[PDB]
Amino acid sequence: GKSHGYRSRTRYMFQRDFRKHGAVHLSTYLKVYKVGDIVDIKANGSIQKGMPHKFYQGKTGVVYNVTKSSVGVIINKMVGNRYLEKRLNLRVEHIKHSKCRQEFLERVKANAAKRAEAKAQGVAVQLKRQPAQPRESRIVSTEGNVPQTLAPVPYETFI
Amino acid sequence: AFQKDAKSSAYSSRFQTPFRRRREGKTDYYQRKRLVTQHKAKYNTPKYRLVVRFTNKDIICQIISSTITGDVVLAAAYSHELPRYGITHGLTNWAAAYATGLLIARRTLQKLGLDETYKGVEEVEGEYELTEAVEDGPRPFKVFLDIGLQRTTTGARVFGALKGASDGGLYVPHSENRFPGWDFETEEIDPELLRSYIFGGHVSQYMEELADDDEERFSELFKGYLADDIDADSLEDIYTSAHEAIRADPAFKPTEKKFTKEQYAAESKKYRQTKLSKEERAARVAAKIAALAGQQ
Amino acid sequence: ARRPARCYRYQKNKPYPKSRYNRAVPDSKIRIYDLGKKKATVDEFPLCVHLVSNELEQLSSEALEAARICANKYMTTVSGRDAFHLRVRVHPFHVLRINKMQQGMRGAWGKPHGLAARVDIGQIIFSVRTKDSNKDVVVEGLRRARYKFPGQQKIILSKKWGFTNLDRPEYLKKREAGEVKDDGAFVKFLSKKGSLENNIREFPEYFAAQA
Amino acid sequence: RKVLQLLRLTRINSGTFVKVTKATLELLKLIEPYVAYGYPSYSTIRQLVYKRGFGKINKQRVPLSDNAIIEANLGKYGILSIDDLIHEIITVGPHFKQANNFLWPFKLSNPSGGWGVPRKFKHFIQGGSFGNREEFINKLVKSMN
Amino acid sequence: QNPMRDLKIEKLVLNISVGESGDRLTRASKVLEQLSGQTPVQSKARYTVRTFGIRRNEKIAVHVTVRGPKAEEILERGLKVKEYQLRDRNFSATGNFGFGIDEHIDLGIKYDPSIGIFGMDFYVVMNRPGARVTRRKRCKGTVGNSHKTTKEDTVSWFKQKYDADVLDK
RNA sequence: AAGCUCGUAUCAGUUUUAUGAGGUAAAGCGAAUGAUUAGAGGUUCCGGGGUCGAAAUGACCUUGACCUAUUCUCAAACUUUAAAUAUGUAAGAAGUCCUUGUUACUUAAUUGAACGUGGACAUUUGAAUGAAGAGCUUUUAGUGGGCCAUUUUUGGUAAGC
RNA sequence: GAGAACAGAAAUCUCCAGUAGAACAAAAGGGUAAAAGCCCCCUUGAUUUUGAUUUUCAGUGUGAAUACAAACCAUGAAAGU
RNA sequence: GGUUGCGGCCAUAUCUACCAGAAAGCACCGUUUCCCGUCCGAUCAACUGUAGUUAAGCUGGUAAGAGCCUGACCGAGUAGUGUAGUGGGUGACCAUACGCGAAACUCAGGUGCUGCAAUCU
Ligand SMILES: [Mg+2]
Ligand SMILES: [Mg+2]
Ligand SMILES: [Mg+2]
Ligand SMILES: [Mg+2]
Ligand SMILES: [Mg+2]
Ligand SMILES: [Mg+2]
Ligand SMILES: [Mg+2]
Ligand SMILES: [Mg+2]
Ligand SMILES: [Mg+2]
Ligand SMILES: [Mg+2]
Ligand SMILES: [Mg+2]
Ligand SMILES: [Mg+2]
Ligand SMILES: [Mg+2]
Ligand SMILES: [Mg+2]
Ligand SMILES: [Mg+2]
Ligand SMILES: [Mg+2]
Ligand SMILES: [Mg+2]
Ligand SMILES: [Mg+2]
Ligand SMILES: [Mg+2]
Ligand SMILES: [Mg+2]
Ligand SMILES: [Mg+2]
Ligand SMILES: [Mg+2]
Ligand SMILES: [Mg+2]
Ligand SMILES: [Mg+2]
Ligand SMILES: [Mg+2]
Ligand SMILES: [Mg+2]
Ligand SMILES: [Mg+2]
Ligand SMILES: [Mg+2]
Ligand SMILES: [Mg+2]
Ligand SMILES: [Mg+2]
Ligand SMILES: [Mg+2]
Ligand SMILES: [Mg+2]
Ligand SMILES: [Mg+2]
Ligand SMILES: [Mg+2]
Ligand SMILES: [Mg+2]
Ligand SMILES: [Mg+2]
Ligand SMILES: [Mg+2]
Ligand SMILES: [Mg+2]
Ligand SMILES: [Mg+2]
Ligand SMILES: [Mg+2]
Ligand SMILES: [Mg+2]
Ligand SMILES: [Mg+2]
Ligand SMILES: [Mg+2]
Ligand SMILES: [Mg+2]
Ligand SMILES: [Mg+2]
Ligand SMILES: [Mg+2]
Ligand SMILES: [Mg+2]
Ligand SMILES: [Mg+2]
Ligand SMILES: [Mg+2]
Ligand SMILES: [Mg+2]
Ligand SMILES: [Mg+2]
Ligand SMILES: [Mg+2]
Ligand SMILES: [Mg+2]
Ligand SMILES: [Mg+2]
Numbered sequence: 002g003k004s005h006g007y008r009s010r011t012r013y014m015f016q017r018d019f020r021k022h023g024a025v026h027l028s029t030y031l032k033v034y035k036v037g038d039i040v041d042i043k044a045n046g047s048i049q050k051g052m053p054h055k056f057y058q059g060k061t062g063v064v065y066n067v068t069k070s071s072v073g074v075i076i077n078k079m080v081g082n083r084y085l086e087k088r089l090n091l092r093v094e095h096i097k098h099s100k101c102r103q104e105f106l107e108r109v110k111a112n113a114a115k116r117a118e119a120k121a122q123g124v125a126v127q128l129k130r131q132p133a134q135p136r137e138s139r140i141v142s143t144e145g146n147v148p149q150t151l152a153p154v155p156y157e158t159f160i
Numbered sequence: 002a003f004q005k006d007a008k009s010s011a012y013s014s015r016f017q018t019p020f021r022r023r024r025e026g027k028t029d030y031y032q033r034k035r036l037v038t039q040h041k042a043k044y045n046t047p048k049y050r051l052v053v054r055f056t057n058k059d060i061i062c063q064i065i066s067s068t069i070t071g072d073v074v075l076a077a078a079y080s081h082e083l084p085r086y087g088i089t090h091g092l093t094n095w096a097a098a099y100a101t102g103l104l105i106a107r108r109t110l111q112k113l114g115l116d117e118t119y120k121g122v123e124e125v126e127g128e129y130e131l132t133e134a135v136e137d138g139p140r141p142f143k144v145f146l147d148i149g150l151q152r153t154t155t156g157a158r159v160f161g162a163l164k165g166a167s168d169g170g171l172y173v174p175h176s177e178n179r180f181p182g183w184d185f186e187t188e189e190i191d192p193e194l195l196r197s198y199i200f201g202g203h204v205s206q207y208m209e210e211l212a213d214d215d216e217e218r219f220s221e222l223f224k225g226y227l228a229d230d231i232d233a234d235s236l237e238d239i240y241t242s243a244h245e246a247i248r249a250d251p252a253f254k255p256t257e258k259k260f261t262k263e264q265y266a267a268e269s270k271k272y273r274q275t276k277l278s279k280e281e282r283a284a285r286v287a288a289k290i291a292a293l294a295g296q297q
Numbered sequence: 002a003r004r005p006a007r008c009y010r011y012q013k014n015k016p017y018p019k020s021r022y023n024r025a026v027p028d029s030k031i032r033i034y035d036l037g038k039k040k041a042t043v044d045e046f047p048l049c050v051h052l053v054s055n056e057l058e059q060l061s062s063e064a065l066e067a068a069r070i071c072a073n074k075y076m077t078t079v080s081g082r083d084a085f086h087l088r089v090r091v092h093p094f095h096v097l098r099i100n101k102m112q113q114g115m116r117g118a119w120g121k122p123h124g125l126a127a128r129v130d131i132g133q134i135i136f137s138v139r140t141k142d143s144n145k146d147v148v149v150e151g152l153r154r155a156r157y158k159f160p161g162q163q164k165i166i167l168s169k170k171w172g173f174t175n176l177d178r179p180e181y182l183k184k185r186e187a188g189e190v191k192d193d194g195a196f197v198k199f200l201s202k203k204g205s206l207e208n209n210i211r212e213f214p215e216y217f218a219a220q221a
Numbered sequence: 100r101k102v103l104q105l106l107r108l109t110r111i112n113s114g115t116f117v118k119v120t121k122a123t124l125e126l127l128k129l130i131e132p133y134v135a136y137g138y139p140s141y142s143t144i145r146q147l148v149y150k151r152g153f154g155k156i157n158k159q160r161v162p163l164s165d166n167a168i169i170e171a172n173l174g175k176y177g178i179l180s181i182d183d184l185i186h187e188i189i190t191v192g193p194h195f196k197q198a199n200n201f202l203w204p205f206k207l208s209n210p211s212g213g214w215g216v217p218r219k220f221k222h223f224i225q226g227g228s229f230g231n232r233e234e235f236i237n238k239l240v241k242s243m244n
Numbered sequence: 006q007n008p009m010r011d012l013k014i015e016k017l018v019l020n021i022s023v024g025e026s027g028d029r030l031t032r033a034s035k036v037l038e039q040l041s042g043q044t045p046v047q048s049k050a051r052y053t054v055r056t057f058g059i060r061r062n063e064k065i066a067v068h069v070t071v072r073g074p075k076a077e078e079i080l081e082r083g084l085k086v087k088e089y090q091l092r093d094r095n096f097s098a099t100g101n102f103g104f105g106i107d108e109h110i111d112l113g114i115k116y117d118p119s120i121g122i123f124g125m126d127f128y129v130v131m132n133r134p135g136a137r138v139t140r141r142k143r144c145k146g147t148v149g150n151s152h153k154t155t156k157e158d159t160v161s162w163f164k165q166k167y168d169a170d171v172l173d174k
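Residue numbers (full-length UniProt numbering), protein chains in the order written: chain Y, 2 to 160; chain E, 2 to 297; chain G, 2 to 102, 112 to 221; chain S, 100 to 244; chain A, 6 to 174.
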């Protein structure tokens, strides 16, 4: 018959990273979590208690609870044509703070700056991001750089 | 090493080195994990350890907490400090260990404010008792013993350190069954024995007992007790006053120093061999093949 | 009772090795892969000619074997048993299955039927090394072996010195130098990396940079 | 398909303007087999707008044909003539988004000359009609306009 | 160079391998007790041989490790039986040495037919000071080559004090 | 089907940017495990053979095993590495900063944690493209034999299987 | 690997080396080295109360599991578990 | 700069061989009355800091060293891959078009960085 137990198919996924077995380094436990914090989820196969199920591997969620040795993360799983709210009781060894918002926060803190630093000068801001623009005109020189002229090569075998 | 031993490309390549503080045989991480970590719903609350360590005859007590950048000393006290308070000999014995814990306790409790409130037992009959929180007032400063790699044996002196930090006012949760004078075959402490070790009655008793059965040995060890004219009896008063001295001013004095940071630096670079440049290494090889190869 | 090769020419399945999981599998009909003067030195046989696949397919172990015998047979009786070194460069590690035959198509998983080497385009099947003065004789060997194999394969003169990894001059430059030292039937090269000490032990005739 | 929609190309032979950036460049990348595009000249942007330029006004797709219609809906951003329109497109103005979305997608007839080529759904570069054909876009559109 | 990289004896360990338990063993035990002053340890068979007539966990031998001045007496007292002549084997590569003697009577110790007669294995293990490095709990390192006990150095050591012979090639 | 509450709003089978997850393809095997061709050099008080022999913990040949450095070839249920395509989250008014209330939780501690009161900054307010709008509710039919094409793919010699 | 009477391929003793090549009831795969393996000490948390959550999912049930709350205990110097 | 106690990242910290280490510190080291543990005061416990030593630990340096880390238009725009066609081919398979793009290789460079507290010519 088929087999579909909890940790089925997880051979490599909960595996441990080459030359990285054993105790987990202590910073994993010194890290601190508050409600609203965005975490990324990754099972540490060495820690059997408080493990996320495989589906939640590589998923990012929001902390909704802080307990003695765990955080409660809430993920939106989409079953069917729709999302439902799922709540995960994970031990701290399976969670890390996401940097998925660091660029936003770095962006905002910095947008406050050049916004004041412009206003208090004489307006003219421009602080929405823009995509890669096509490049502009330019003049490439030959001085020290005459064009080398390549042709295609014959067929050869070397073996 | 031996030829048929030795390691291969393969062996070394797949080798997972331990940590370092474990390679070094210094840190037990299994205990550290369970000493340091905090209840996650207590957020940035430090989890202070009373770290007691025994060098080949110095006693280190640092109240220490943890930061992911590396740990943190709230306060330190070393039993080499004991001369300031009237202790010059045997600073690695049980009673030195008590004294230093007593030092550490008063010292931080001092720099924390819980100084006048929370004295802990001043009397000291070696009764079993941890410091009790004051009805309407600050809970006491709570701290957990970091034995380290010490073995837990009943009588061990690492628990001596504990007894004075606990007598000093610290809350350091503990059971009575590893203090000297704990009855193996009845769940019961003899308090006269533990008062003895706190005051060093076991050392003085050795002193008295050798002063008529053997002065060959009594002169070799206990030499300094001669040279400063301190036969046994007086030993407990030494420590009874050391307790006074310590409580009456624990505030720590740094060494007077002499020679700046700058100086220690330079005079120790004299003995510091420095690395070599690859151009230098080239010239050592090319030289080596001029010599070793070119038919002498 | 062997099926026609036709039934297994293409690489339709994934590699089915002999394994814990397989086990009861017949022997590979081809069992020697180096014949002729294989003890010979690298210096002995400069010229090297290859039999080279022009197809993504599967060669039987039985046709590997038959071919092997064909070329070795020719090469010896025309130019002697010590003339040449023939290396079958291809090992038949993939087990082919068979649905031998109350039932019909219900539960049809084959039992091991025979072996086959799976072979790329450009992949070398045979390799031969000799004296230049034997080229024709060798090429005729591989040409006749061809008739033993499904699919098109083509014979190609190497630029390299024997079974070495070096074209003819670059090996020469390395040799008429000091860097090369004879081994069993292959050779060892002086590395510029590693312990100067036991690097000097080996390769004495380097470290003057001349003859 | 989704992208073909976001570019408002929902029936065959209809066309729109696109401002090039990485973030639209990829879009074109994704739909090369189904479209032909290139760089339009002042000439063909002009004759697109003069002959088949309709605005979107409470939807409704209204024909241009009088400058009051543009001023009415685009005047907010400067822009109060059919030529003020054309200018904003060709020079990719600071209000090109508004300027360009205002135009209904152009609805071209099939090319009058024919397609060049005997089979359309290969790349221009292989003798077919789809892909970036750069400045050769103008010859096509002009046959289709 | 040498100050206190001397060459003490680590421990002496005697062995009486008796393919069985019960009387014949505990008598062999009594031999090691009245010969060592310490009370001996017993060894269980590790598996089962039937040609040796032994069951897993049987108790099958006894032995005792003896350190300090006490070692030197037993060492010499048996080195007596060996007439101060050993062989170029006996000395391990790692610097220890051992020998056998049948009949424990040949080294002080009377007879008593209630006990019987037993053979003994002698195994002297040597080391220098600072072997503690390898043996303490904390900062457990290893000993530097220029301080590890070697065969050469022990045979020498043995030849000097005792003034016994090494023999063979 | 019936609608209902709202409406530039909020929406997306799409891109971009930032930040994760993954062990397939390829690759690897003078890297682990497991297979595989070949010699070469070593090592035996010691797997056996053979000559000298009274033997030898003897010497000398020998063929095996092991060792060292090499060589040819492989893996759905091997692997250090490791794609493309797919895939999680984020891109603000439910935001950012200041001041300093509540509690029985929590801290040595008005420490923290949570929830706040008062104050400061508007549409270049925080990427693209689109939006014949968005959100929500009830009730009910038919259906619950499927077949095909490109690509990936299992069994089978194969099949319009 | 090297050493020790009877003792041998295999008994018991020692030392060196040893990334786990072992062991953890059992299929296999994860995992584990001052341990998760081996030896010893003390034990019943394999307990009491009723909810939440993850897998399978209809987001029913059942099985199994996870993190808490309220008890009562075990162990340990203790943090803890 | 050294060293120690506590560390963080956990090999540029590991491994093999050799040499060098002032001062303090660590260490090895002496003892067995006392608590405590052993077949054995080797480990573990206690006492001395007295009687001794840098030999070992430890720290550092050397090595066309093993390993490991980093880099590069080194290999390679190769392998593989998303997309396209009434493209080639009997097939097996293979070119082409708009994109994404490895691994081994080869060559160079490197061999612990660092937080808190105390101490030190
Ligand atoms: Mg299955
Ligand atoms: Mg490990
Ligand atoms: Mg469990
Ligand atoms: Mg080896
Ligand atoms: Mg190598
Ligand atoms: Mg512990
Ligand atoms: Mg295929
Ligand atoms: Mg198939
Ligand atoms: Mg039938
Ligand atoms: Mg059939
Ligand atoms: Mg069946
Ligand atoms: Mg079957
Ligand atoms: Mg053919
Ligand atoms: Mg090669
Ligand atoms: Mg558009
Ligand atoms: Mg015309
Ligand atoms: Mg016409
Ligand atoms: Mg015409
Ligand atoms: Mg046609
Ligand atoms: Mg027209
Ligand atoms: Mg010395
Ligand atoms: Mg027997
Ligand atoms: Mg999506
Ligand atoms: Mg898989
Ligand atoms: Mg593959
Ligand atoms: Mg392949
Ligand atoms: Mg690879
Ligand atoms: Mg392999
Ligand atoms: Mg694979
Ligand atoms: Mg996406
Ligand atoms: Mg938007
Ligand atoms: Mg729009
Ligand atoms: Mg609308
Ligand atoms: Mg319905
Ligand atoms: Mg229905
Ligand atoms: Mg049904
Ligand atoms: Mg129905
Ligand atoms: Mg179709
Ligand atoms: Mg298992
Ligand atoms: Mg531990
Ligand atoms: Mg039960
Ligand atoms: Mg259920
Ligand atoms: Mg079940
Ligand atoms: Mg000194
Ligand atoms: Mg005693
Ligand atoms: Mg001692
Ligand atoms: Mg001790
Ligand atoms: Mg030295
Ligand atoms: Mg040290
Ligand atoms: Mg190197
Ligand atoms: Mg190709
Ligand atoms: Mg492709
Ligand atoms: Mg085709
Ligand atoms: Mg190609």
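Ideal placement from N, C-alpha and C gives every residue a C-beta, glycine not left out.
Quiz item: Among the residues of its own chain, which have a CB less than 8 Å from the CB of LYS145 (chain G), if the five just before and after it don't count?
Solution: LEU48, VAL50, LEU167
Practice problem: Using a threshold of 7 Å, state whether the C-beta atoms of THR101 (chain E) and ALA76 (chain E) are closer than that. | Solution: no
Practice problem: Count the other C-beta atoms from every protein chain shown that fall within 10 angstroms of the C-beta of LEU106 (chain Y), then say buried if there are 16 or more, exposed otherwise. | Solution: exposed
Quiz prompt | Alpha-carbon spacing of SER66 (chain E) relative to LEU31 (chain Y), whole angstroms | solution = Within the model, the alpha-carbon separation for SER66 (chain E) versus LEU31 (chain Y) is close to 11 Å.
Exercise. Figure out for me which residue from A:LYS64, A:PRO74, A:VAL46 has the closest Cα to the Cα of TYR52 (chain A).
Key: A:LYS64
Quiz item: When you compare only the Cα positions, how much space is there between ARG21 (chain G) and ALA118 (chain G)?
Solution: Distance between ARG21 (chain G) and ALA118 (chain G), taken at the CA atoms: about 21 Å.
Quiz item: What separation, rounded to the nearest whole angstrom, lies between the Cα atoms of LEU124 (chain S) and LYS101 (chain S)?
Solution: 15 Å
Quiz item: For chain Y, is any of its Cβ atoms less than 7 Å away from the one on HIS81 (chain E)?
Solution: no
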